[PDB]
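# pasting the sequence and an experimental structure:
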Amino acid sequence: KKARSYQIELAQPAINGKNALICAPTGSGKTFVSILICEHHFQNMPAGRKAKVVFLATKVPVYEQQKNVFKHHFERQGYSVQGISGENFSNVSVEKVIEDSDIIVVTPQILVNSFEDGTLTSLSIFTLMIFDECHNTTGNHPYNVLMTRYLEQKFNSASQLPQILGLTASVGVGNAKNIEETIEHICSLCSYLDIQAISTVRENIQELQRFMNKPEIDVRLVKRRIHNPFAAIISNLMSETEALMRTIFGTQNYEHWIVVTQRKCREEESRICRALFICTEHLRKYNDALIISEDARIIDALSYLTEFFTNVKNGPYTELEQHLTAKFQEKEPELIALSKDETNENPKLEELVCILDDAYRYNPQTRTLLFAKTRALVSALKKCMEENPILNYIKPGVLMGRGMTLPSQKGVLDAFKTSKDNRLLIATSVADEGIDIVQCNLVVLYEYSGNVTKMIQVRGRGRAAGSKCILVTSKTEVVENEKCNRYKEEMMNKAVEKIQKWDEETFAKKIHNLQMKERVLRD
RNA sequence: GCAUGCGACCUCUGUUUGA
RNA sequence: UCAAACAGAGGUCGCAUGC
Ligand SMILES: Nc1ncnc2c1ncn2[C@@H]1O[C@H](COP(=O)(O)OP(=O)(O)O)[C@@H](O)[C@H]1O
Ligand SMILES: [Mg+2]
């Protein structure tokens, strides 16, 4: 692992002391650049005043990952590298850990936290800050909260602040519909993080196209399976429950409307009150059951329901709770017969099955990441893997936050990198940024939509020459929005390539002009 | 529990072209 | 008045993540 020539090139503007943003493609080794910057920070430190470096990483696993690189590289040099975090925060006084540490890796919230906490009131304490996936500097996200602070202190003392460093493979594109606006948005981002130079692989492009490369995002539309009995059955069982509401579908809006009706109603009042807290719930859990089958199997939907109708007995189980539960159990053996179906299943799941086989026969040692939007879905997908004879080649893992333990995470990832047991990892948003599975080959998106940023960062989870990235939708708009992104992403690059062709003064001037939009008076 | 990003939804007030 | 488009201010909700 010898410094690459573009890596040393990207370094330059930061070593000349300037607040840099390092835009360089997903996987190019920006993290190395930042440690290289870090050596040339300690090296060059003037006087007796010495250096504290803080690396900030957005989500926990990325904090862990980067914390561990940084230790393995600087501890042997004889540096104190300590990681404060969500686990560590109410076990340590930040005060000390900084003054003990030459390098602190941090979840960004912690510094925010400890700033309101009193523990800390001077960003001056560090001499270099690094923001991994720095593009997250928006509105009231921690990064900006801290950076607002940084900017205030700039005027309120003009007495040395730390050097800033943004790493990002995805500078973004605001709402910019035109290249001119995309530039206004990028320049906006540079202002938030007080950038004075943007770093690009300018001169060493050829070297860069070697090491990391990217392809298309194979989009796959599957039409909703014609003849869907299950959808009709529940909708009617909901219609009869909506008919009964006056006497006293599978969309987001139905959930929104159920909460409209649950707040309005919150002893001819009191018996009608908790009558609608019985009507709304059943309608809601029917609704959730539709939308759970939308992606999963019917067997997951009916699971979700028996899990509710056996729970209707537990609590009150009043008159109405009996007349509704019974309406279901008449029409239940109809459904459990449909569970047992062969052909009539979600064709999104038929395609994934196809897709995973297509890749695990052609290459038996592939490592996939299957991304889904929601925990429930991610977890329900693990069931869909295990229980399918054609796909249980591979043990599947799951990655998450917590409603999964932070140690339980360390395990599944550490496993998935090198196990050759579980060669596929279903994950959620935690995994979509900054995370480095060297042996990862394929990344599959299961109704994983999104911003340009997401759909750049996610396909970049696929490393190691072997790269492929396959989406699976049934929706029109999702097939399009994503195409839309492939334009926005092209536009994004030019924005920068262009911005880069300005002179020092005029870029600098742009950022100040933008910052001056955010000052504060003193009297 | 709280925060944030993101998405859906709705409202107000204005500008555009249309009928 | 209607429809369609853009933008400024606000209300609610869902997901994910962070503390
Ligand atoms: N000069 C180098 N030579 C060989 N491997 C490198 C070099 N620099 C970085 N890498 C490796 O590239 C992989 C991904 O790097 P990373 O910096 O996380 O990508 P990103 O820039 O998207 O964050 C890591 O395994 C890292 O060790
Ligand atoms: Mg990185």
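Structure received. Residues are numbered from 1 along each chain as shown, chains lettered A, B, ... in the order given. Ligands and ions are numbered 1, 2, ... in the order given.
# okay, CA-based contacts and neighbour counts for the rest of this
Noted.
# residue of the stretch 401-523 of chain A closest to RNA strand B, please.
Going by Cα to the nearest atom of the strand, RNA strand B is nearest to residue A:451 of the stretch 401-523 of chain A, at 6.1 Å.
# wait, what's in contact with that residue?
Contact analysis of residue A:451 by Cα atoms under 8 Å, 6 or more residues apart in numbering lists residue A:485.
# my read is it is in a strand, agree?
No: applying DSSP: H, G, I helix; E, B strand; the rest coil, one finds residue A:451 to be coil, outside a strand.
# packing partners of the strand or helix carrying residue A:144?
Assigning secondary structure by DSSP states H and E places residue A:144 in helix A:142-157. Packed against helix A:142-157 by the contact rule (3 or more Cα pairs under 8 Å, 6 or more residues apart in numbering; DSSP states H and E) you find helix A:108-116, helix A:179-192.
# so that helix versus helix A:179-192, what angle?
Angle, helix A:142-157 to helix A:179-192, by axes from the mean of the first three to the mean of the last three Cα atoms, to 10 degrees: 60 degrees.
# so what touches whichever helix or strand comes after helix A:142-157?
Heading C-terminal from helix A:142-157, the first helix or strand you meet, by DSSP H and E, is strand A:163-168. With Cα under 8 Å, 6+ apart as the test, strand A:163-168 has contacts from A:14, A:17-25, A:30-31, A:34, A:127-135, A:193-195.
# check contacts around residue A:85.
By Cα under 8 Å, 6+ apart, the residues touching residue A:85 are A:60, A:106, A:107, A:110.
# which residues does the second one bridge with?
What that stands for is residue A:106. Taking DSSP bridges, one obtains residue A:56, residue A:84 as the residues bridged to residue A:106.
# excluding chain neighbours, what is closest to residue A:146?
Sequence neighbours aside, residue A:112 is the residue nearest to residue A:146 in space, at 6.3 Å (criterion: Cα to Cα, 6 or more residues apart in numbering).
# correct me, but the one you found touches residue A:140?
No: contact criterion Cα atoms under 8 Å: residue A:112 and residue A:140 do not qualify, at 11.0 Å.
# find the nearest non-adjacent residue to the residue nearest in space to the middle of chain A, please.
Nearest residue to the geometric centre of chain A (Cα atoms, centre = their mean): residue A:429, 3.3 Å. Computed as Cα to Cα, 6+ apart, the closest residue to residue A:429 that is not its neighbour in sequence is residue A:373, at 7.0 Å.
# neighbours of that neighbour, how many?
15 (other Cα atoms under 10 Å).
# pretty sure it contacts residue A:450?
No: using Cα under 8 Å, residue A:373 is not in contact with residue A:450, being 10.1 Å away.
# is RNA strand C contacted by stretch A:513-523?
No: in terms of Cα under 7 Å from any atom of the strand, no part of stretch A:513-523 sits within range of RNA strand C; the closest distance is 13.5 Å.
# to clarify, my last question referred to stretch A:144-162.
No: Stretch A:144-162 stays clear of RNA strand C (Cα under 7 Å from any atom of the strand), getting no nearer than 12.3 Å.
# same question, stretch A:80-88
Yes: counting by Cα under 7 Å from any atom of the strand, RNA strand C is contacted by stretch A:80-88 at A:85, A:86, A:87.
# can you check the distance spanned by that stretch, start to finish?
16 Å (Cα to Cα, to the nearest Å).
# do the same with stretch A:331-347
Stretch A:331-347 stretches 25 Å from its first residue to its last (Cα to Cα).
# how about stretch A:119-130?
The first and last residues of stretch A:119-130 sit 21 Å apart, counting by Cα to Cα.
# what residues does that stretch touch?
Under Cα under 8 Å, 6+ apart, the answer for stretch A:119-130 is A:34, A:51-56, A:93-95, A:114-115, A:149-150, A:160-167.
# how about chain A: which residue is closest to ligand 1?
Using Cα to the nearest ligand atom, the single residue of chain A nearest to ligand 1 is residue A:29, 3.0 Å away.
# show residues contacting stretch A:271-285.
Taking Cα under 8 Å, 6+ apart as the rule, stretch A:271-285 contacts A:238, A:241-242, A:245, A:248, A:254-255, A:258, A:261-262, A:265-266, A:305, A:308, A:320-321.
# secondary structure element for the residue nearest to residue A:429?
Per DSSP H and E, there is no helix or strand for residue A:373.
# what parts of chain A come near ligand 1?
Applying Cα under 6 Å from any ligand atom, we find that chain A lies next to ligand 1 at A:1-4, A:26-32, A:434, A:436, A:438.
# cross those against helices and list the overlap.
A:30, A:31, A:32 (DSSP state H).
# the helix or strand harbouring residue A:13 to strand A:163-168, inter-axis angle?
For residue A:13, the host element (DSSP H and E) is helix A:5-15. Per the same axes, to 10 degrees, the angle that helix A:5-15 makes with strand A:163-168 is 150 degrees.
# tell me the helix or strand right after helix A:5-15.
Per DSSP H and E, the helix or strand that comes after helix A:5-15 is strand A:20-23.
# tally of neighbours for the residue nearest to residue A:146?
Count around residue A:112 with other Cα under 10 Å applied: 17.
# can you tell me if the one helix or strand residue A:70 maps to touches RNA strand B.
Counting by DSSP H and E, the element that carries residue A:70 is helix A:60-74. No: judged by Cα under 7 Å from any atom of the strand, helix A:60-74 and RNA strand B are separated, with a smallest distance of 13.3 Å.
# how is chain A carved up into domains?
For chain A, curated CATH domains gives the domain ranges A:1-212+A:493-523, A:213-225+A:346-492, A:226-345.
# so does the second one get close to RNA strand C?
Yes: applying Cα under 7 Å from any atom of the strand, one finds that domain A:213-225+A:346-492 is in contact with RNA strand C at A:373, A:374, A:375, A:376, A:399, A:400, A:401, A:402, A:428, A:429, A:430.
# give me every residue that touches residue A:421.
Listed by Cα under 8 Å, 6+ apart, the contact partners of residue A:421 are A:394, A:395.
# which of the helices or strands spans it?
Using DSSP H and E, no helix or strand contains residue A:421.
# residue A:397 too?
With DSSP H and E as the test, residue A:397 turns up in strand A:396-399.
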